[PDB]
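Protein chains in written order, with the deposited numbering: chain B, 321 to 631, 645 to 782; chain A, 321 to 631, 645 to 782; chain C, 321 to 631, 645 to 782; chain D, 321 to 631, 645 to 782.
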């Protein structure tokens, strides 16, 4: 003994596509020009109460009743079967008033933004009037950024990489190459972090050294749970790697947070499948030291140096009143305009994240090795005719070089006194013993091919 | 004071067999040509709302009411008594549009797929138009795979085993022999993993070294919980086994993940009985080192080597743009067609997984021992007439060989300098002491029978 | 089959804005001139029962029914969509009778206080009659405070900083500089803590050494959960830092509790985003010793010394009966008046928290270093023409000073015998090796520019 | 479609103030002359069913219905807004028949006790007939107590302190000074504990060494949760402090359980704010040894010695049948009368708890130090004219005494052989080094002022 019109109301509600079912089995609603979502309290009832006005008068009176409204909510829940995924596009930026595009830079609102289904938003209302380049705040922030990173040819590559990383912080896609902020304390890294956080609102997230030094997938992991559906990750607090007791940046962790779907359990929920749209920028004051080094990690890591102090490459005075404007979001829209311009300059139309392993001594050593230490293969076997008199003894049909000769030759190209531990670790990892003592390495110099 | 027609509606719904009760006490529904299932929210109400159209007009109006719909759902729950198990067949591949067969290669959809009850699906809609061999993507992917594994007689066995393992990744049956991917970094293992994951969608799963180096059944285990009802398991991140601190591949774990029903507790649920349909491929860069070695493990382990680098057996240049096509699923259906062809070539009509222990030095040593070190028995007792003058002293009615003689003879067939630790461990594990010092081993050479 | 007038009642209730939805997804109500809030039991029903009197007679009779009242509560929950944040203003002090302003010192009540949405309150009813300067309690408490901190020129800076910190305890904004209470046992720190707690009621909170010596974000953290939305944090029980086993004040923790939004998980709830409005005063009896020292921490730390004992700078007799008046809140409103006067004197109109690192020997050493040890840069490279004969050898295009020369010169300005460990730690942290032994530091004296 | 009279019934119920809302958000009821309270099951329905008799006949018939009774309960819950706190008075003792006053010694019952809102009760019905001094049980118990503590001038102070502590066990206020029971095994401490427990019923609580030797605020803490709203805490089982492995009585814990509101988390509930009305008596057999010693702790600790054994100051025979009478509560009301008389003698009208640190050798040493070792100050600087020739060298404008002179002088007043460890710890804690070796202490003898 119930009503029949309520199913028609539910069908009309589903016609507008104002409520969608996520791939995680959660229901989202489109209210106040924003895809609001809440797993704890279902927002379907609020959606119905909101959109009662967009329906004929014969239905709003029916929807005024909470019993009938819950009935319509149940009907909508039954009708939503296809678990349509959301947040597909990486080139759209959601706001509290709509969605701002990164391709053309135009801001959408209302039903134009409704075409996009964003799980989150920037956390503040968009303002085109404040989103203009012709403003004193824009010039002030441009000068501040140029102080942080000079527009000099010596810093040209570093400045360009810094701009590319800050622009990629906008993109809602998987990060292809981790980025590091190298320098000293208060060299511009913290100011950049604060400006980016103020610009992107709730999309920003900050964390410590846990994800870089500890195991991620072990029971609950609130850090990874919060990092999901984010736009940028800032990892500060890195320890003195030379000093004892400081954990290394685990390459397993780096390979873990470089995938579209990163595992990790949230708190009292099943959300292990996490979408990773965040540009992870690591704030540190020392040169990074890792546990495992290989070509994949060297292609996964970019380094942005900071060489300008504010009491290096340039020394200026401290601006104590700068932080107050950042906390008041004075340079929020100016920084957003700068980020949009950088995205248009670099990442439009294709996202690009190229590594800079040459900025790390360990990765530079490994690259200079891999260039001159190509691994032996079947194609290298016919080189024995010339390598027999060059010290290469053929062991197990592999061109093998004696350890003593390998060390005497690697001391010629690398500073053995500076690279002592690195050479020792490379030898201990990549050497093979003939019987007990005739230790050899299966790598051939270019000068011997 | 309720209705009587609702029970008739429930009986009609159960006539179509659109809702089934699993062996785990969970209810599945058949909506949108897919066996959708959800333990959190019962999908029976959605099933009724969907199939109201497949019923006379006198019943759809009744079903429009959520109260009566919940009543029908309760009736269906009461009527479902026989806990019919699902996912029986290993030769069927489920899709978002139906089920693709591996016997004939024909794709079923609609009620044809409804005959099959698949707990999961590949996670994407099937497309026969893209599932064709006559396509440029197929040729490109064939060339890429041939680069990863050449079609050479020297690599013929390795390539054939690699194809067999990738085809067995499709089969929804228990794995009979674990498979290893041996090589260096970025030798083709990661590309194969990405291609297989893109091809099989949600059926793919990836994990670390925990299941291979740690204890599985200890409280909650989300890894095993996710691995259930899967088609393939990829285990990357294996440590340098020669270096200290790196755990060994526990043979107990290997024997644990080689059964149709593998124990392991999920998170806040009772699903310890897990169906294992996954082909576990282990990505590593070193030769594996285990904790326990025996004939069962040697028959449980297959090794697929990778001998082609992309800057070995062949060295080529790097294709940086290859990963973008994989992430865009350009070679998804081409890889699926290749997998289907391999399954037809090898696993049709009978699944076969034969071990290759000869690719591991430890297993090769153990096999060469077991051939020449047959254990003494009652049948070997009458050999004493000839073995008394051959050094075999009869102890406890067992043909016993002195430890010194055993070592002096095992040094003849095995390189003692290379196999020092292996011989020492075998002696310490399989020797017996006569009184305190006349240590003997209960094994006889073939040259002495 | 329900009523239509109930939605009109809900609309009238929402017209008064007596119920708001927080950013945390929680509902607050305005009853008895106070923004009462409870996550466990929804107070909306109580709000409706209270404000039935502020509605026409045709609606109070409807609201007398708990069924209709729950219906109206559901309607209000549906109508509350915009998650309006609360506790914006830092210059307003909430009471059980209203809100007391810090700008003009006038107390608001009723609808005047309703304009302000305070999550918490001082926990006691305001009394303007007791909030007067012309009272014997005010003079007694002024004399007591002057005994605790004399109004002498030698103590002028310390007394002024103490007053500024106690006034900032009122402000509901983020703390910009941590404050320390240094002295001996019962030198006035405990009396100040008790007086401040009695003055500010529930806004006060006290904790131990856990947040200063341990990791905050690790699972549940009831300390941080209680510290949220607070006005002041008192950290007593600091250990003897010279003695072994005593943990150092972690600079990571200090940087953690200096942000408007501090992470940390509560008990069985999702409230990791915590608003930090608390002035953290650390009660200690020793000079602090930290794990990491830098300019940011030196700008984050202020020190208030206590130099007057009550049996230093002054010694008096003990007042045993003082604590009884504090526990009876005799000097509650007098201390509140003093705090308001201090806030008007210092923090009106702008909150200011300036560090005093010169009160810590470690920070004084670091400041005297950083003044005379400016780091080398590109601008310092052209100084080589004069620094070549001054001992500065150019290494890697950096002005480098030998370690022996650096030590022989740092012994001239700092007492090496007193600063032995500090100099050793600074050398071990900031030195670089040329090859193996020619250790250098990249810092230049002012006398050499 | 409900009734209107039910709200009138709820208003009449709230008129009697038979149900109150606690500060913890819990509801209490007044049934059977007792403020019964239960967080698990709301007792409001039972209260309504009980007080239906105190209402006109037109309302009891309405209240007979459980549906209408639950409706009235909901109305009462809505009407209870002001979270009135309970258990204010420290001078009232609750019983199962009412409340017994400590000021005049008169027992209240019915509505007279209803004026008082006690969270707990003594757990047994009061009996004025058994609450008389003229009874053989009173004389027997007086003789037993005099055996436990003689009425001798040598024991006069100890007996008086023991009586004061036992009387303060009645007071429902915060303890101002911790009390210790010192002696040997079965010297009267256990008998006193049993008698007090039998006298005060459920108000008594007993615990081990955890709260005195471990950290309180670490997750759940059922000990502190049970100790809340109690009248006395007995801590037995103290270990041999001289032996290794025995934890010290943490002064941090002592300062923690000496506040009206003591933190500590209960089990699966939010009751961290705990009211501490309990007199904590510590049962031990050794002299206490602490981790931190200062004037605050010396003023926080009282010691009651036991010097009469029952096979010291007196030795008698064992009364084996004494415990049976205690377990049968024969001396319950006699002990209650004795406690009331002691409260009238000492704590009426003002609660007093004065420390006795002279009973502990460590505290006696510290007091004798602090008398003769007044810390140097600015007022002590002008004493340099006479202290320059007395060995006091002026360092950093502080009167400093050499360590060798300090030791040679402290050996004159204290037995250095007995106080070796104490003097060593005091030196290691309170000394300062001039440069590396000229160690000094900033304390001046009285003989030098």
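C-beta atoms are modelled at their ideal positions from N, C-alpha and C, and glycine is treated no differently.
Let me make sure I understand the geometry here. Which of the options has the alpha-carbon closest to that of residue i?
i, options, result
"residue 378 of chain B", "B:414, B:329 and B:349", "B:329"
"residue 781 of chain A", "A:763, A:517 and A:733", "A:733"
"residue 654 of chain C", "D:759, D:630, D:550 and D:685", "D:685"
"residue 742 of chain B", "B:715, B:658, B:706 and B:761", "B:706"
"residue 689 of chain D", "D:478, D:375 and D:353", "D:478"
"residue 622 of chain D", "D:455, D:687, D:394 and D:763", "D:687"
Give me the Cβ distance between residue i and residue j, rounded to the nearest whole Å; I'm assuming they're in contact under 8 Å.
i, j, result
"residue 546 of chain D", "residue 584 of chain D", "So it is not a contact: roughly 10 Å between Cβ atoms."
"residue 656 of chain D", "residue 505 of chain C", "Rounded, the Cβ-Cβ distance is 44 Å, inconsistent with contact."
How far does the beta strand (DSSP E) with residue i in it extend, from its first residue to its last?
i, result
"residue 510 of chain D", "Per DSSP, residue 510 of chain D belongs to no beta strand (DSSP E); it is in the alpha helix (DSSP H), 509–520."
"residue 501 of chain C", "498–502"
"residue 347 of chain C", "347–350"
"residue 340 of chain B", "339–341"
"residue 601 of chain C", "599–603"
"residue 362 of chain B", "Run containing residue 362 of chain B: none; DSSP gives neither H nor E here."
The alpha helix (DSSP H) that contains residue i, what's its start and end?
i, result
"residue 608 of chain A", "Segment: none, residue 608 of chain A is in no alpha helix (DSSP H) and carries neither H nor E."
"residue 448 of chain A", "Neither: residue 448 of chain A is in no alpha helix (DSSP H) and is coded neither H nor E."
"residue 637 of chain C", "In the structure shown, chain C runs from 631 directly to 645, leaving residue 637 of chain C without coordinates."
"residue 754 of chain B", "753–763"
"residue 428 of chain B", "Per DSSP, residue 428 of chain B belongs to no alpha helix (DSSP H); it is in the beta strand (DSSP E), 427–429."
Under 6 Å Cβ to Cβ from residue i, same chain only, skipping five residues before and after it: list those, please.
i, result
"residue 526 of chain D", "554"
"residue 428 of chain A", "418 and 419"
"residue 727 of chain B", "717"
"residue 434 of chain D", "350"
"residue 640 of chain D", "Any structural detail on residue 640 of chain D is unavailable, because chain D resumes at 645 straight after 631."
Within its chain, find whatever has a CB closer than 7 Å to the CB of residue i; leave out the 5 residues flanking it on each side and keep chain order.
i, result
"residue 694 of chain A", "607"
"residue 338 of chain D", "349, 350, 367 and 371"
Tell me which same chain residues have a C-beta within less than 8 Å of the C-beta of residue i, skipping the five on either side of it?
i, result
"residue 372 of chain A", "379, 380, 383 and 384"
"residue 325 of chain C", "378, 379 and 382"
"residue 402 of chain C", "341"
"residue 388 of chain A", "323, 326 and 382"
The stretch 518–535 of chain A contacting the stretch 495–508 of chain A, beta-carbon criterion three pairs below 8 Å | no
Quick one: any contact between the stretch 471–490 of chain D and the stretch 673–684 of chain D, if contact means 3 or more CB pairs under 8 Å?
-> yes
Answer yes if the stretch 587–594 of chain C comes into contact with the stretch 645–665 of chain C, meaning at least three C-beta pairs across the two stretches below 8 Å, and no otherwise.
-> Short answer: they don't touch.
Taking 8 Å as the threshold, find out whether the stretch 449–469 of chain D comes into contact with the stretch 591–609 of chain D through three or more Cβ pairs.
-> no
Meets three-Cβ-pair contact criterion under 8 Å: the stretch 497–508 of chain D and the stretch 594–602 of chain D | yes
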